[PDB]
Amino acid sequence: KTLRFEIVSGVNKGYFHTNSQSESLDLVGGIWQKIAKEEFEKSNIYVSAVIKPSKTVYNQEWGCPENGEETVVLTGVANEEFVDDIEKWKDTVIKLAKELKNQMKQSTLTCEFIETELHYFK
């Protein structure tokens, strides 16, 4: 019994001068790789992430483009093989989510935790 996280971030096409969904995915992947490595150096907690392309739909009156905004969804699980303290991991995820929000220049960002039963095959 453990936790997974899910983060939803915009890609900020204009600030990063990207022009394809795959460039935005490679952008966020590289940014996560850098900040997860830094946090691992500090705390020995490495937060790996599975990143998926997406579009997020909300009201055009509140800033959404027609048909939605390009986004990345990042998800990962606390693996007991690597994580001894679920609370420290969860605090680490929250720090990383805030740092991703800052580096991606996002005005808002969601970070969820969901209970999950992990079967790890090695």
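One rule holds for the numbers: they count along the sequence shown, beginning at 1. Only the largest set of C-alpha atoms that superpose within 1.5 Å between the two forms is called the rigid core.
The segment moving more, judged by mean Cα distance from this form in 5 other deposited structures of this protein after a core overlay, is 56-64 among 43-51 and 56-64. Of the two segments examined, 7-15 and 99-107, it is 7-15 that shows the higher average Cα temperature factor in the deposited entry. Relative to its counterpart among 52-60 and 85-93, 85-93 has the higher mean temperature factor, C-alpha atoms as listed in the PDB entry.
Among all modelled residues in this chain, the alpha-carbon of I35 has a temperature factor (C-alpha) in the middle third. For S43, the recorded CA temperature factor ranks within the middle third of the chain's modelled residues.
In the deposited entry, the Cα temperature factor of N79 sits in the middle third of values across the chain's modelled residues. In the PDB entry, a CA B factor belonging to the highest third of its chain's modelled residues is recorded for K1.
Annotation for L27: C-alpha temperature factor in the highest third relative to the rest of the modelled chain, per the entry.
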